[PDB]
Amino acid sequence: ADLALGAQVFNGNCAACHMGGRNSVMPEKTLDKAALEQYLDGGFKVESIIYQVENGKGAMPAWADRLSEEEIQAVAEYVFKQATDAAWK
Ligand code: HEC
């Protein structure tokens, strides 16, 4: 009910382009650890993920006006955890 919320948020809003941690729109801009340290502003850290979800980037939409801060934290922890544990799909 935090990490699960994040998984809940991931599935409902993120899976459309990040199915299984990949990136349908920008294939290279993947959700696994290596891609994140390479492409994510600020690097691989939960705070950088949060910032990208809130603000969006390029073809990635901003979720600040749709999700709560709490869910944005939750989903960032989820992405962070999946990449660290390499649990994608
Ligand atoms: C498709 C319309 C998208 C939805 C739905 C979400 N994201 Fe996304 N994301 C998408 C693109 C096109 C990009 C790259 C943007 C760019 O031009 O750089 C991204 C990137 C990410 C990343 C960074 C991945 C990396 O750099 O390797 C993260 C952390 C990310 N996206 C997370 C994320 C979450 C948690 C979403 C659900 C709320 C979400 N994205 C939705 C396309 C789309």
Side-chain angles (χ1 to χ4, degrees), residues 1-46 48-65 67-88:
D2 156 51
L3 218 70
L5 172 58
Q8 197 211 282
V9 174
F10 194 83
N11 290 311
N13 307 274
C14 315
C17 305
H18 290 310
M19 184 63 69
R22 296 182 281 252
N23 194 322
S24 301
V25 171
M26 253 270 72
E28 22 241 299
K29 308 288 167 95
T30 253
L31 268 36
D32 46 66
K33 193 187 177 179
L36 255 26
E37 73 191 14
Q38 189 52 31
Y39 310 109
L40 194 58
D41 275 10
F44 185 54
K45 61 164 63 171
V46 160
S48 302
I49 296 167
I50 288 169
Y51 193 92
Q52 164 118 179
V53 171
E54 287 195 29
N55 272 267
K57 195 138 272 72
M60 169 144 161
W63 299 87
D65 275 332
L67 271 27
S68 63
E69 211 219 304
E70 152 114 325
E71 292 163 353
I72 294 177
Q73 286 174 17
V75 80
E77 308 244 284
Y78 181 68
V79 177
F80 187 91
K81 203 64 185 79
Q82 286 290 95
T84 312
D85 288 4
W88 289 123

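Every heavy atom of this structure was used, including side-chain atoms; hydrogens, water molecules and symmetry mates were not. Counting from 1, the numbers follow the sequence of the chain as shown.
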Practice item. Only counting residues at least two apart or in another chain, list the ones meeting salt bridge (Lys or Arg N to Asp or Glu O under 4.0 Å) with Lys81. Key: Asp85
Revision key, fill the gap. One should read off an interatomic distance between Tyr78 OH and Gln8 CD, to the nearest 0.5 angstrom, of 11.5 Å
**Study point:** Smallest separation among heavy atoms of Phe80 and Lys45, with atom names
**Key:** CE1-CA, 3.6 Å
Practice item. Could you check if a side-chain atom of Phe10 sits within less than 4.5 angstrom of a side-chain atom of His18, using non-hydrogen atoms only? Key: yes
**Study point:** Test item: side-chain donor near acceptor, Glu77 and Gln73, under 3.5 Å
**Key:** no
Check your understanding: Side-chain contact, heavy-atom cut-off 4.5 Å: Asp41 with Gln52?
Key -> no
Taking distance alone, no hydrogens or angles, what donor-acceptor pairs closer than 3.5 Å link side-chain atoms of residues 28-39 to residues at least two apart or in another chain?
none

Exercise for review: With the side chain counted from C-beta on, respond yes when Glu71 and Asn13 share a heavy-atom pair under 4.5 Å apart, and no when they do not.
Suggested key: no
Review point. How close do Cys14 and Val75 get, heavy atom to heavy atom, and via which atoms?
Key: SG-CG2, 4.2 Å
Practice item. Provide the closest heavy-atom pair for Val46 versus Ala76 in the form atom of the first, atom of the second, distance. Key: O-CB, 3.9 Å
Practice item. Taking all heavy atoms of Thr84 and all of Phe44, pick out the closest pair and write down the distance. Key: OG1-CZ, 3.3 Å
